[PDB]
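J.: So the sequence lines, in the order shown, correspond to chains Z, C and L. Each residue of the first sequence is one higher than the one before, starting from 3 at the first, in the numbering used here. Each residue of the second sequence is one higher than the one before, starting from 464 at the first, in the numbering used here. Each residue of the third sequence is one higher than the one before, starting from 68 at the first, in the numbering used here. Quick reminder that beta carbons are idealized off the backbone N, C-alpha and C, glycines included.
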Amino acid sequence: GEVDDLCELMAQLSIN
Amino acid sequence: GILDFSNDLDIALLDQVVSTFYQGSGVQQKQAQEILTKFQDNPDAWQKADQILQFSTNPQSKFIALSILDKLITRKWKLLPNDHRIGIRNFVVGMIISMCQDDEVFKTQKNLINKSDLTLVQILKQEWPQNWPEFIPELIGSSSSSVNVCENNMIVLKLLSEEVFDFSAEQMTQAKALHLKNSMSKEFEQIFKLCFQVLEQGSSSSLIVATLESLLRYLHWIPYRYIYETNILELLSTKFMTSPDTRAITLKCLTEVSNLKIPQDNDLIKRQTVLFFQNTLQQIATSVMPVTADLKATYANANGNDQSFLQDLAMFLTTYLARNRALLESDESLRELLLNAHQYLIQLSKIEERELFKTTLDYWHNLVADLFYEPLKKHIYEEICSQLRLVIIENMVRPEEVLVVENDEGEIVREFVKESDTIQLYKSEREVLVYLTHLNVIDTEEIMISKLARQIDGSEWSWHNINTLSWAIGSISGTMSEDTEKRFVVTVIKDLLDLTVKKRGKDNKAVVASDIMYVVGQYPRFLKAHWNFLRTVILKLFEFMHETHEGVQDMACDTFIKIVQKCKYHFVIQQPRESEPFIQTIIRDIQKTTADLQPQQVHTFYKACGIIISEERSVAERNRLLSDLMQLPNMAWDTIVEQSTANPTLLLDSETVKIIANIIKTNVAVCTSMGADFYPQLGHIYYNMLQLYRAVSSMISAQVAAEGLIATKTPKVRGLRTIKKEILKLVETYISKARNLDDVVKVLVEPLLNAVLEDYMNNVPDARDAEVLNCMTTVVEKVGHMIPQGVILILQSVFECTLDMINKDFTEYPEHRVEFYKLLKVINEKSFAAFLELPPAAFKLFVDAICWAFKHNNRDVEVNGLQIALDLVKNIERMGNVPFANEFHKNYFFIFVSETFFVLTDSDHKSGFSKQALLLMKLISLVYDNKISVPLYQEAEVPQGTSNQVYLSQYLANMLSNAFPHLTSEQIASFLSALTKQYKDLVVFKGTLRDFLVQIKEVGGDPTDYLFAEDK
Amino acid sequence: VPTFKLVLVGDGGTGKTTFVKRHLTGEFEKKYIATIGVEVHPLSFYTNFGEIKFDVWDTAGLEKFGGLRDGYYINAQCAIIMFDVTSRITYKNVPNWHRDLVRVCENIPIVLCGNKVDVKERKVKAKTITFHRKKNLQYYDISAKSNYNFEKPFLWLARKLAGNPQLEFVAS
Ligand SMILES: Nc1nc2c(ncn2[C@@H]2O[C@H](COP(=O)(O)OP(=O)(O)OP(=O)(O)O)[C@@H](O)[C@H]2O)c(=O)[nH]1
Ligand SMILES: [Mg+2]
């Protein structure tokens, strides 16, 4: 779960 | 006229010229400078010095007079009769005294006084003690006569110690240096007495400071007994640490004390070592500042003296601790002292001054290494270590730096800085913090999570703070267990992502995101263990590659290539959950991904893909991946080669030149990453590329011939040269990295040579690119052993014309000079056979070219020239009693001996000394080992059967007498005897040469000096 | 606007002349034209506190072109000792220049500069350059070719001579 959740958060990383 | 190079001297006019030069400006000052230089260089100028020293109203004029005197003393002292010598000597002592009696001059003209004193010290070297045995007694006696004379005596003694112990090597013959060292050691009891009396009775003043200045220089050589068996330790560590005016110099002295050669099994000396340190620390605590003092703020607001002091303090602690930490550790009563001293460093480590921090950090590294390998003492420094951790984490510097440069073609190129001060500082800090993490993982993690939490709540938020913290987190990569590392990285990345969401502004988000990428790039193990994450990161980077925000794209490309460098395997393999190696996915969308990137960023992207592709080990699949990757540039290359072949005018189109440059640059990028594996692609574009080379080179050369050098700066020629250089760069890149050397020799070499060699010959000088020579150097390095005829062609094409370019002076075409001799060198190494086959006239030109490199006041050229000479001689040595070797010796042995001596004895060729000596040894060896089987003389000029030894000796004696008529027969004879007895010992031979080099600069040198080595 | 004398000393071909020339004009000279004696170059810098001038006394580092040698150093208010990081001997001679310099100029700010840090094959490594520590000299890695830490020596000297750590270099 925790790595996968990290992946999701990483994917959402935005500069706007 | 301001010319004073006549018969009668105008002191006023000289003062005018001097004043014009020193206080004037511009063309007047220029003329005054040339005049003063010409006057100062007059062999007879010294005759006027005394007059100046007595009549000149200008301190600078006196300075210049002392300079001229310095010249006389150093070079022609022993020509003067003893009477005159004493006369000048007493003139200088008297003048020194006069100046000292003048309080204003003494305090306001330290420069002139120091010059005077140094002039005296020069006379001391030349005279004392053999001809001036009473000098030290008289000096000590005169100390009482005036306070200024006492102080000046301390300056003179400091200077004498410097000249004898600090700067004696390469200024004096080994024999004379020993003589002066022995002379100064013999009379040091008295000198130390004067010193100690002044220190013990005197109170803080200029004279005390001067005395301590002298003591600093004495400490380099004096026996420890003057320090430990006298009360001077107590004086320094207590008395002179309380007085502000002496603190700094006393610390310097104590720093040197800490470094003395002392007995290692003397318990009293151990206690004394501890004691002075305890005194110094307690005295700093009482008089200067406590351990609790904020040295960061103090240094920031300090006055420079205080700054220097703080620096000196760190130097003191770091020196003493590095030597005597064990001493402080063994006895538990000393615990409080030990920690206190370390605490000072901690405070000193917090000072924002890079050089001071580095000084502290060296020691820190020492301490943490020792603790790592001896964890028994670890507990003692637990608290110190904890603070040090924070210090380092807070003061991490940028791990890599980038420069934006303009090349000779006008391109704006982003280059990564390598091996810089900042990078070495990063590496040092990393090692220290890695040690610290090993020592206590729990503490390091807690501190880093705390800094991070303080970043999140915004309490310690700043770009610099978050960058520093990130660098720190990244620095300790690979220290924790993979499980601990997993949890740590998860936390850090998650927090940083939440921070990015919380931060407002595109600026702030960009900063934090770039930090996230840096951190992830720093933990390749985490990426390898979790494919989904790696993919998400890579895609996010791709997404970033379309972001126009300044710096983001470079960050994304840098991260991408960094991540692939470490994680390449995970791109070439099919990670279950993926239907294809991710490299295929990257290559598929490469157009879309790299659409918004700058050209150079695109090149980096291709370079990354190349790194990945070279991981695929199946040649078929790798070649396909390479082909797929290169498709776009390949296709534009195809359409362009067709149009160029058909229409030559296309190369006039700047848009085409651009496209061509980018194509070759992309090839260069991929070839860089892929090395031998790139050969298919090279073969795909090779022959056409060489043709395009010929075209662009012809165009450059034509336009330069027509228009002149200025043409080389025109945008058109700049673009064309880019294409030329990139083509050369690709070829050199592949050949350097190549594995399959057959293919290089049989497929690549011949086309390349045909394309570039004839072009280079036929180019006008101002159009020839040195990169051609460089390419040839790399070709020869790699496969020259396999292409004798190729090498011969390289020589025939480049040798005579490059030589003719660079044999007019030492200044024109510098790059050409460097690369010419690099190529000559490598040819001489790899394919010496080429030089064998040259006609006699060509070989002569070769030798002339080697000796030309000798005379170069350019290190790059000179070292290569000397190496070529050595290698050539080695090569010819390999051939036995063969007519070529014999003839070569008959023709060039003496040329090489004389040329080597010329550059040895030349003022400005010291860089080549190490090499020069070697060559000289070898040459002498060839005669004195009887390895030359034919007489080197002629005409029976020396009686038949004369040994080559005797003839070499005669030739050398005659040549040295001609070059240096001021040397005696005995000087020359002895030097040559020493050389001929010492040609098997490198260090002794070098010594003898240095002795000779000292003796040729002066008149009346001692012939015995050459027995120095034989004496010890 | 204040004018301070800056003596630039170092071995031959360490990149002193090129350094000053690029500060003056912005051009990097590829050729090695050895200085003869000294050339005095008025070099100006613009700062948030005003203009600062340096009489840069670019001195010859070759023995045969030494001229007045230490004579050039009189009344200097600051100094740069330059060596070449690609040549060990140029750092070897740093003590000798320092010695010559401080014997004329007792208490002046001095910057030791390792030039040519751009060259790949760096012979004098960062960790090796420690001489400046005991002589309380500033040190900077510089490159006249690369414009690396190009303004840092002068920025430090300006801050010292003005006694203002807040001094920043600005555009004309
Ligand atoms: N790689 C590299 N080469 C440089 C750099 N700066 C200068 N050079 C080269 O090194 C040489 C130094 O020449 P100058 O700067 O005129 O000489 P100098 O240091 O004053 O030496 P003298 O005049 O003899 O005292 C030139 O040929 C420059 O092109 C640099 O930053 N990097
Ligand atoms: Mg110069």
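Exposed or buried, which one is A1201 of chain C when buried takes at least 16 other CB atoms within 10 Å?
T.: Under this definition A1201 of chain C is a buried residue.
J.: With H, G and I counted as helix, E and B as strand and the rest as coil, what does DSSP make of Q205 of chain L?
T.: Residue state, collapsed to three classes: strand.
J.: Any C-beta of chain C within less than 9 Å: which residues of the stretch 184-206 of chain L qualify?
T.: Within the stretch 184-206 of chain L, the qualifying residues are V184, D185, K187, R189, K192, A193, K194, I196, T197, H199, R200, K201, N203, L204, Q205, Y206.
J.: Can you confirm whether the stretch 1014-1021 of chain C touches the stretch 498-507 of chain C when touching is taken to mean that 3 or more C-beta pairs between the two stretches lie within less than 8 Å?
T.: Taking 8 Å as the limit for Cβ pairs, the verdict is that the stretch 1014-1021 of chain C does not touch the stretch 498-507 of chain C.
J.: Counting Cβ pairs, one atom from each stretch, are 3 or more of them under 8 Å apart for the stretch 1456-1470 of chain C and the stretch 1364-1371 of chain C?
T.: With a cut-off of 8 Å, the stretch 1364-1371 of chain C and the stretch 1456-1470 of chain C count as touching, because enough Cβ pairs lie within range.
J.: What is the DSSP secondary structure of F217 of chain L, counted as helix, strand or coil?
T.: If DSSP states are grouped into helix, strand and coil, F217 of chain L belongs with coil.
J.: If you measure between the beta carbons of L723 of chain C and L682 of chain C, is that distance less than 8 Å?
T.: In this structure, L682 of chain C lies closer than 8 Å to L723 of chain C by Cβ.
J.: Say yes only if the C-beta of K83 of chain L is nearer than 7 Å to one or more non-hydrogen atoms of ligand 2, and no if none qualify.
T.: For ligand 2, at least one heavy atom lies less than 7 Å from the Cβ of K83 of chain L.
J.: Looking at the structure shown, is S210 of chain L part of a helix, part of a strand, or coil, going by DSSP?
T.: Strand, per DSSP.
J.: Does the beta-carbon of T102 of chain L, which I'm using as the reference point, lie nearer than 7 Å to any heavy atom of ligand 1?
T.: Yes - ligand 1 has a heavy atom lying nearer than 7 Å to the Cβ of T102 of chain L.
J.: Which two residues bound the contiguous beta strand (DSSP E) that contains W684 of chain C?
T.: Counting along the chain, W684 of chain C falls outside any beta strand (DSSP E), and DSSP gives it neither H nor E.
J.: Rounding to the nearest angstrom, what Cα-Cα distance links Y826 of chain C and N729 of chain C in this structure?
T.: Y826 of chain C and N729 of chain C: Cα-Cα distance of roughly 26 Å.
J.: Tell me the residue span of the beta strand (DSSP E) that contains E106 of chain L.
T.: Here the beta strand (DSSP E) through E106 of chain L covers 105-114.
J.: Against chain C, does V74 of chain L count as a neighbour if the rule is that its beta carbon must be under 8 Å from one of theirs?
T.: Closer than 8 Å: no.
J.: Looking at the C-beta of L135 of chain L, does it have a partner C-beta in chain C at a distance below 8 Å?
T.: Chain C, which has a Cβ nearer than 8 Å to the Cβ of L135 of chain L, makes this yes.
J.: Mark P220 of chain L as exposed unless 16 or more other C-beta atoms lie within 10 angstroms of its C-beta, in which case mark it buried.
T.: Under this definition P220 of chain L is a buried residue.
J.: DSSP beta-bridge partners for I148 of chain L?
T.: Bridge partners of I148 of chain L: L:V76, L:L179.
J.: Cβ of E118 of chain L less than 8 Å from any chain C Cβ?
T.: So no, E118 of chain L is outside the interface.
J.: Using CA atoms only, rank isn't needed, just tell me which of C:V904, C:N930, C:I551 is closest to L915 of chain C.
T.: Ranking the options by Cα distance to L915 of chain C, first place goes to C:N930.
J.: Would you grab the beta carbon distance between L714 of chain C and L776 of chain C for me? Rounded to a whole angstrom, and I think it's under 8 Å.
T.: With a Cβ gap of about 6 Å, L714 of chain C and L776 of chain C count as contacting.
J.: Residues of chain Z with CB under 9 Å from residue 1481 of chain C, in chain order?
T.: The first residue shown for chain C is 464 and the last is 1479, placing residue 1481 of chain C beyond what the model contains.
J.: Please confirm if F569 of chain C has its CB atom under 8 Å from at least one CB of chain L.
T.: No, no contact with chain L.
J.: Should the stretch 85-100 of chain L be called in touch with the stretch 1470-1478 of chain C, which here means at least 3 C-beta pairs below 8 Å?
T.: The stretch 85-100 of chain L vs the stretch 1470-1478 of chain C: no contact.
J.: Using CA atoms only, rank isn't needed, just tell me which of C:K573, C:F518, C:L1114 is closest to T1185 of chain C.
T.: Nearest C-alpha to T1185 of chain C: C:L1114.
J.: Among the candidates L:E235, L:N203, L:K183, whose CA atom is the shortest distance from the CA of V880 of chain C?
T.: Answer by Cα proximity: L:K183.
J.: With 16 other CB atoms within 10 Å as the buried threshold, where does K1245 of chain C fall?
T.: So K1245 of chain C ends up on the buried side.
J.: According to DSSP, is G117 of chain L part of a helix, a strand, or is it coil?
T.: Three-state result, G117 of chain L: strand.
J.: Within 10 angstroms of its Cβ, does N645 of chain C collect 16 or more other Cβ (buried), or is it exposed?
T.: With fewer than 16 other Cβ atoms within 10 Å, it is exposed.
J.: To be precise: take each residue of the stretch 86-102 of chain L, compare its Cβ to all Cβ atoms of chain C, and keep it if any distance is under 8 Å. Which residues remain?
T.: Cβ contacts with chain C come from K97, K98, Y99, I100, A101.
J.: Scan the stretch 1347-1371 of chain C for residues whose Cβ lies nearer than 9 Å to a Cβ of chain L and list them as they occur along the chain.
T.: Flagged, chain order: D1369, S1370, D1371.
J.: At a threshold of 7 Å, does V186 of chain L count as lining ligand 1 (C-beta to nearest heavy atom)?
T.: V186 of chain L Cβ: within cutoff of ligand 1.
J.: Would the C-beta of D125 of chain L count as close to ligand 2, meaning under 7 Å from any of its heavy atoms?
T.: At least one heavy atom of ligand 2 is nearer than 7 Å to the Cβ of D125 of chain L, so yes.
J.: Using three-state DSSP, classify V1120 of chain C as helix, strand or coil.
T.: Helix at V1120 of chain C.
J.: 8 Å is my cut-off, CB to CB: does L168 of chain L come that close to chain C?
T.: It does not; no Cβ of chain C falls within 8 Å.
J.: Assuming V1180 of chain C is part of the alpha helix (DSSP H), what are its boundary residues?
T.: Start and end: 1178-1200.
J.: Please list the terminal residues of the continuous beta strand (DSSP E) segment that includes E869 of chain C.
T.: Its beta strand (DSSP E) spans residues 865-869.
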